[PDB]
Ligand SMILES: OC[C@H]1O[C@@H](O)[C@H](O)[C@@H](O)[C@H]1O
Ligand SMILES: OC[C@H]1O[C@@H](O)[C@H](O)[C@@H](O)[C@H]1O
């Protein structure tokens, strides 16, 4: 069972090269602050200031944060990238699996 | 189930002597700090400074720490070592079992000048083993930081770093960088425990015994040999010295001339240093007159060197300069400490099969004789392996290393460590451990820069390592009593191998493993 | 059945990379002359001539010829050698198969 | 069993018309020489000579030859082509079958001035196919060397070479070298035969038909549209021209103003050249005024270009400079041959859905109007694809290529060849063939140098290629008679599509595939 005195999961970083599949995995440690003092806030930029008409926007900034893994260097070491680009014509993602654990 | 209020495991220290097995176990308490503020750091030393070309290095120092149990005194009490070396010809490890348990993790903070420490229940630690030997193997270099010899001491886990190819202080193209967070590891909170098992690959018994016969004396003292040797090349007793070839059978009278099947082990000479000071030369020859090997433009002192007898008969005072292992007495400084502080080990017992470290291997001819030219025989300082050659490995000690990792290479010759030990192609996996970093409060506005501010933290806990040793029982028909390792009978200020008035454990002398005799 | 009007075998050159095996094959065209007019001949070199004592030999030269494939470049294209040395720590031969065919 | 005295296969030429399938087959006799004296040779052309930067290349010419059947006239007699184009809307290939048989191999020698040729029974040939498309695919570039149109001719197999990345005449790092002996191939003596089967990937029917409606006339001529357009921006009939917006429904009166769902196909303009000479300008604009595309610093003429109508109504004499395929009449020189020798193909039938090659695609506005500024409308010379746009592919011809290989790339837009044909991602494998070299007598003393002296040799034999075509039958309610392809009724000096007095077969005119009509 879960508790304050038992870890939620384990650290994992690997590249498993098997046949035509390569399974890359990465684990990181993150810190999530409190944004906007827990407020949604209208944010906007008008042409009234030094801004031009091209740079104007209207939107909202939330308290919520989000994870972005969308860059390759997250999932590949420079060596794992070298095996990839040297030996292979093409690659495409199949499936991903995502985990939060060990929350302080 | 695990929890903050239940212990992970139990304390165990024993030696279980059963038949041909002895299972030794040890438990210690450790404290693992935070190294490098959770940073990998290039470290290097160039010749630009006062350093020479020999002392240059390039490498990385990690945050990770590691356990080193590689010394014998970790697994044996001085009494358990005495049962071992007195009653047994040989021993080799079979399997080991290793445990982390009872993990406390504590955050320490500074307020003005006062320090305070408090449990952090939710913090973790990361522990993996390299089973596939995919890391620089840092054990077997005889570094400090082993579990204490005495079970009541708490020890500090050493930092893990490694060295890589260099040119000067600069790195070459084949230099490798290993990120240790890139392995799978297990993360443990205060209720979790870590364990794994390991099984040693079959390895020849360390031979603990001395030969009761020297190598050249294997002959029968009573009987002559049917072989002949060339005794005299010149006419004897005649008024003219006209040469004539005369032959003789060797016998009890001249044994040095008999034909022999075997030759002493290989010889790579050392410089001779006398403990009596007035005998040694006046100069500093320690580095200059040293026996060195030259590898890639760097002269590396040869230490301890190939196994070779320390000194010949009735010379106690001489020892090879780099030839012998040297252990310090308790509380010995690290720099230019006097002779009285170190404990010099000595090999008496390999004099039979091995040459003396400080003397020539032998003598060979330098020329082809003629009626005109006299024969000239040169000395052999260095001798590699020859067919029909036998030698003994260096003796293991209670303070010395247990094993070393045989490098992975195309070829090797008699792969046994020169420090003594068990050469292993797949030694016990080295166990890496680190405190998982906990960030200090991040800013309220996002910034890409990585978080450099962490909570000061350290973890403590209990570690158990249990090795199963296989014994080779002594079976011998010797009539007269053996030499044994015995503690001193006469009174002493304080007991040997025991704590002093102030609580400091100390080992008085190095204890070699070979008191028993065999026939060569 | 064999005959003057049917080929004995087929041309084959490949490198088949499968798992931990690589099967390399090579086919060449050879021409075998008639040596020594079908004679065994003593051949020797003495120190009598300008030769020194180190260069002297005694032996026989036969009519027979022989095949030597013993060099790597016979069995690997420079690309097949590149796949080999870049991706792999070690290699050792397992078995070979050898053929003469299409004899004119 | 095979042997020197039994034939490998039989002659076959037919067209089997059954239902929706037509199986056409052809057999020819070929002669394959020895190219490059059995050598691979770097070939290149630099700008150092009179060449320009556009004409530079780097590549290799091999000994290997190859079969090219890629032209229609190989697989169809002019009558079989007439049944096809008259009775059928569309056709696409299904599968082909290919055979080598009846192989003679002959060695020729020179003695003084007299030549003699004699069978070599033991010599072989090497034939492989690239099934996996691991070679430069040299077919589809409309090179010469196809099987003759007329079955009685013997043809010479063309040499195989390929081009690779270059910078000037020099080769860059990504330049590839392909050794063709490095594939598995089959070696055939005079009794052996070679065969393989191939099955075309599903491909849209080539559309052989013309539209009976222009694209803009799809409207009902009787009825008005309920939509309105802006007819007049100015007050009409008044003494003052003060602007007023006035709207109107388009109808039979003004059709050009109606709202339409679809737009003509894309336009990339060509220069207009008139067959009547006095109308064309006096200068050489052929290269200078040409429509070119600029790729990697090299200007490459756009030929034939995107499918676009040759000329508009009641202009016969104008044709786009590079826009049309151009075939030569029998016995036409390769350099600066007069207009009367070439046969210009023309697209009449795509005028409905496609823009004229020599005129603008349309007109768009160049400015935002104001009371101060007058509206200015610019011409659109080049127009890419827009939504709601329809076009016809270029018409295949009896002399033209059947297919081309769709390059392997991340993306393509409507991958159909601009020469016309069937774009295929995996076209028929190109078949390579070579004479296995036979050495001339080697020296009697060994020498490492490769053997440069070979027996002069060549091989001949029979080749059969059989393609199964799928037909799309014409089903139409049209009342009045179609246009058909008909041979001339009036008397002639010699029959069209038949041999002349001297034995030379000739094709009088290119025969386009679309005589039938459909509704657009
Ligand atoms: O000056 C004596 C010193 O010489 C150096 O070359 C060496 O690094 C030291 O170990 C010591 O031998
Ligand atoms: O001088 C006219 C020539 O100009 C060159 O640039 C071109 O290679 C030729 O095709 C021809 O156009």
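Bear in mind that the values in this text are calculations on the coordinates, not laboratory data. A quick note on method: Cβ atoms are made from the backbone with ideal geometry, for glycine too, and the neighbour counts reach across all protein chains shown.
For residue D:252, the stated conditions do not hold, so it cannot be described as outside any strand (DSSP E or B) and under 32 Å from the mean Cα position of the chain (by Cα).
In the range B:354-367, the condition of being in contact with a strand residue (DSSP E or B) (Cβ under 6 Å, 6 or more places away or on another chain), loosely packed, with under 14 Cβ neighbours inside 10 Å and assigned to a loop (DSSP other than H, G, I, E, B) is met by at least one residue. Residue pairs whose Cβ atoms lie under 9 Å apart, separated by 6 or more positions or on different chains, with the first residue in the range D:266-290 and within 15 Å of residue D:320 (Cβ to Cβ) and the second part of a loop (DSSP other than H, G, I, E, B) and within 16 Å of ligand 1 (Cβ to nearest atom), do not occur. For the range D:234-247, does any single residue satisfy the condition of being surrounded by 11 or more Cβ atoms within 10 Å (Cβ to Cβ) and in a loop (DSSP other than H, G, I, E, B)? Yes, the range D:234-247 has at least one match.
In the range D:282-299, which residues are touching a strand residue (DSSP E or B) at 6+ places or on another chain (Cβ under 6 Å) and within 12 Å of ligand 2 (Cβ to nearest atom)? Give the steps one after another, and end with the answer.
Filtering the range D:282-299 down to residues touching a strand residue (DSSP E or B) at 6+ places or on another chain (Cβ under 6 Å) leaves D:290, D:292-293, D:299.
Those that are touching a strand residue (DSSP E or B) at 6+ places or on another chain (Cβ under 6 Å) and within 12 Å of ligand 2 (Cβ to nearest atom): D:290, D:292, D:299.
Residues that are at positive phi, touching a residue at least 40 places away in the same chain (Cβ under 8 Å) and within 16 Å of ligand 1 (Cβ to nearest atom) are absent from the range B:326-338 altogether. Checking each residue in the range D:171-203 for being away from chain C (no Cβ under 14 Å), assigned to a loop (DSSP other than H, G, I, E, B) and either in contact with a helix residue (DSSP H, G or I) (Cβ under 6 Å, 6 or more places away or on another chain) or surrounded by 13 or more Cβ atoms within 10 Å (Cβ to Cβ) (or both) picks out D:200, D:203. Here is the figure for the range D:385-417: residues that are in a loop (DSSP other than H, G, I, E, B) and in contact with a strand residue (DSSP E or B) (Cβ under 9 Å, 6 or more places away or on another chain) total 18.
Look at (1) under 23 Å from the mean Cα position of the chain (by Cα); (2) part of a loop (DSSP other than H, G, I, E, B) and you find that residue C:89 fails only one, number (1).
The rows are residues; the columns are (1) within 25 Å of the chain's Cα centre (by Cα); (2) outside any loop (DSSP other than H, G, I, E, B).
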| site | (1), (2) |
| --- | --- |
| B:265 | yes, no |
| B:281 | no, no |
| B:294 | yes, yes |
| B:304 | yes, no |
| B:314 | no, no |
| B:333 | yes, no |
| B:336 | yes, no |
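Would you check if residue D:131 is buried (at least 19 other Cβ atoms within 10 Å of the Cβ), in a loop (DSSP other than H, G, I, E, B) and within 14 Å of chain C (Cβ to nearest Cβ)? It is false that residue D:131 is buried (at least 19 other Cβ atoms within 10 Å of the Cβ), in a loop (DSSP other than H, G, I, E, B) and within 14 Å of chain C (Cβ to nearest Cβ). Would you mind stating whether residue B:434 is within 14 Å of chain A (Cβ to nearest Cβ) and over 30 Å from residue A:37 (Cβ atoms)? Yes. Checked against (1) surrounded by 14 or more Cβ atoms within 10 Å (Cβ to Cβ); (2) within 28 Å of residue B:213 (Cα to Cα), residue B:302 passes all but condition (2).
Kindly indicate whether residue D:64 is more than 16 Å from ligand 2 (Cβ to nearest atom) and touching a helix residue (DSSP H, G or I) at 6+ places or on another chain (Cβ under 7 Å). When the stated conditions are applied, residue D:64 passes them. In the set (1) closer than 22 Å to residue D:196 by Cα; (2) surrounded by 16 or more Cβ atoms within 10 Å (Cβ to Cβ); (3) within 14 Å of another protein chain (Cβ to nearest Cβ), residue D:138 fails one condition alone, (3).
Remark: pairs (first residue in the range D:437-449, more than 7 Å from chain C (Cβ to nearest Cβ); second residue loosely packed, with under 12 Cβ neighbours inside 10 Å; Cβ separation under 6 Å; 6+ apart in sequence or on different chains) = D:440/D:453. Does the range B:156-170 contain any residue that is touching a helix residue (DSSP H, G or I) at 6+ places or on another chain (Cβ under 9 Å), part of a strand (DSSP E or B) and either within 14 Å of chain A (Cβ to nearest Cβ) or under 30 Å from residue B:32 (Cβ atoms) (or both)? Yes, because at least one residue in the range B:156-170 is touching a helix residue (DSSP H, G or I) at 6+ places or on another chain (Cβ under 9 Å), part of a strand (DSSP E or B) and either within 14 Å of chain A (Cβ to nearest Cβ) or under 30 Å from residue B:32 (Cβ atoms) (or both). Taking the conditions (1) assigned to a loop (DSSP other than H, G, I, E, B); (2) within 14 Å of chain A (Cβ to nearest Cβ) in turn, residue B:126 satisfies each one other than (1). The numbered conditions (1) within 14 Å of another protein chain (Cβ to nearest Cβ); (2) farther than 29 Å from residue B:263 by Cα are all true for residue B:409 except (2). The selection criterion, being within 16 Å of ligand 1 (Cβ to nearest atom) and within 20 Å of residue B:379 (Cβ to Cβ), does not hold for residue B:318. Under the condition of being near ligand 1 (Cβ under 7 Å from one of its atoms) and either surrounded by 10 or more Cβ atoms within 10 Å (Cβ to Cβ) or on the phi > 0 side of the Ramachandran plot (or both), the residues counted in the range B:280-289 number 2. All conditions but one from (1) farther than 22 Å from residue D:420 by Cα; (2) surrounded by 13 or more Cβ atoms within 10 Å (Cβ to Cβ); (3) away from ligand 2 (no atom under 16 Å from the Cβ) apply to residue D:307; the one that does not is (1). Residues in the range B:267-279 that are within 16 Å of ligand 1 (Cβ to nearest atom) and part of a loop (DSSP other than H, G, I, E, B) were compared, and the one that is surrounded by the fewest Cβ atoms within 10 Å (Cβ to Cβ) is B:271.
Evaluation of residue C:79 against the conditions (1) in a loop (DSSP other than H, G, I, E, B); (2) surrounded by 12 or more Cβ atoms within 10 Å (Cβ to Cβ); (3) within 12 Å of chain D (Cβ to nearest Cβ) shows that the sole unmet condition is (1).
Here's the yes/no breakdown for (1) touching a helix residue (DSSP H, G or I) at 6+ places or on another chain (Cβ under 6 Å); (2) closer than 27 Å to residue D:515 by Cα:
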residue: D:367; (1), (2): no, no
residue: D:371; (1), (2): no, no
residue: D:374; (1), (2): no, no
residue: D:377; (1), (2): no, no
residue: D:386; (1), (2): no, no
residue: D:399; (1), (2): yes, yes
residue: D:412; (1), (2): no, no
residue: D:418; (1), (2): no, yes
residue: D:426; (1), (2): no, no
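Where strands (runs of 3 or more DSSP E) sit wholly within the range B:418-506, those with at least 1 residues that are more than 31 Å from the chain's Cα centre (by Cα) occupy B:457-473.
When you check residue D:144 against the structure, is it part of a loop (DSSP other than H, G, I, E, B) and either away from every other protein chain (no Cβ under 14 Å) or more than 30 Å from residue D:54 (Cα to Cα) (or both), yes or no?
yes
Residues in the range B:102-123 that are away from chain A (no Cβ under 13 Å) and either in contact (Cβ under 8 Å) with a residue 40 or more places away in the chain or within 28 Å of residue B:497 (Cα to Cα) (or both): 4 in all.
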